[PDB]
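Okay, here we've got a single chain as structure tokens, the form deposited in one PDB entry, with questions on binding and movement later.
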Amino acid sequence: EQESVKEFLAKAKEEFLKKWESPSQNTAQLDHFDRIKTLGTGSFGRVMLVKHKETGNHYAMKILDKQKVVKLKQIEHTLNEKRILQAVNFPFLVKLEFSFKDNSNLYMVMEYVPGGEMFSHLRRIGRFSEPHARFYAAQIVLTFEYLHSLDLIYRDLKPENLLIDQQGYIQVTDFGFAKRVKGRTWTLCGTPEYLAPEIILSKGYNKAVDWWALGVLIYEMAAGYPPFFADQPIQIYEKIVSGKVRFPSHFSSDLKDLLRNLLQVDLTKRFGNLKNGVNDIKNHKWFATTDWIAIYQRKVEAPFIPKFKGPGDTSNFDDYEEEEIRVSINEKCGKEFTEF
């Protein structure tokens, strides 16, 4: 590896560790913002477009209900998410701008990316050409090189978590399953189509699960559907552990070769997890046309610029029932979230 790359990652780790050891806390409050629209909603949290009342800036505010986080056994995961997000800094990671908590909720105020989810664009176009998929894949390779060098595993790679920004570049969002891991970890988490075999088999697993998920993502970007698709999770899991995959004839030979090495059931043989680490991926023939430095510096023209009218446009996100942000008169779960 070139010394310029080693010195970049060494500085990246130094800066991450300083924030990791002394996390920021309580840097805004709810009534500093106007609520605009719900952008997404789930079991214990929502994401809302908000506007800062003084600056007029738009943000995506992730709101987690503390009581529901506790009930769904996500305490450690939510503390991971905020502690990691306030400590990282990389061009293709959505930036955390503020965080705070109140009697009822936890709040993470993120930069708003109006272009929408890759998922929507992929489903609307059908599939991406290999150059298009390769542009996005290269950004994920660099992002995982950065995260893994900090001993972080991401564990939620899927098209819904990749937002497309105003320049057509990727911004990775949702660190709900990200974790600082030296060695192995054991939690069952992730969306079924993207789970590595060693997760399904309840093994102690490591950062190699992110490289497996990259193989699933590249396949899905280039085919339009994921490689182990089936109607129920149990059938998906059987396909994942089987060690076989069917490639569309339109895939290039180089793409198939890369995917066989990322979708390697044996984690000890999987690209990204060998002695040369990420460089087996970066040096693969499928990436021969990729200028890694130019991607990082955002100097490559993107294949596609999302259509939107301005920083407040929500047209690339969906419609959800608009629900209250209620804040109880009494503190809930104060002890569990002391460090948030």
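Only residues modelled in both forms are compared. Rigid core: the largest C-alpha set superposing within 1.5 Å between the two forms. Numbers follow the displayed sequence, beginning with 1.
Keep in mind that the form solved in complex with a partner chain is not shown, yet the notes after this line are about it.
- No residue in the set 37, 89 and 323 has a non-hydrogen atom no more than 4.5 Å from the partner chain in the deposited bound form.
- Contact with the partner chain in the deposited bound form, judged as any non-hydrogen atom within 4.5 angstroms, is confined among 207 to 215, 253 to 261, 67 to 75, 130 to 138 to 67 to 75.
- This chain lacks the partner; the member of 109, 147, 236, 85 within 4.5 angstroms of the partner chain in the deposited bound form by a non-hydrogen atom is 236.
- Out of the listed residues 185, 191, 103, 166, 191 is the one that sits within 4.5 Å of the partner chain in the deposited bound form by at least one heavy atom.
- Although the partner is absent here, residue 226 lies within 4.5 Å of the partner chain in the deposited bound form, judged by heavy atoms.
- When the partner chain is considered in the deposited bound form, residue 98 lies well away from it, no heavy atom lying within 4.5 Å.
- With a 4.5 Å cutoff on heavy atoms, residue 179 does not count as touching the partner chain in the deposited bound form; it lies far away.
- Within this chain, residue 318 lines the site of the partner chain in the deposited bound form, having a heavy atom no more than 4.5 Å away.
- Core-based superposition between the shown form and the other one shows that the consecutive residues, three or more at a time, whose C-alphas shift by 2 angstroms or more lie in 1 to 3, 70 to 73.
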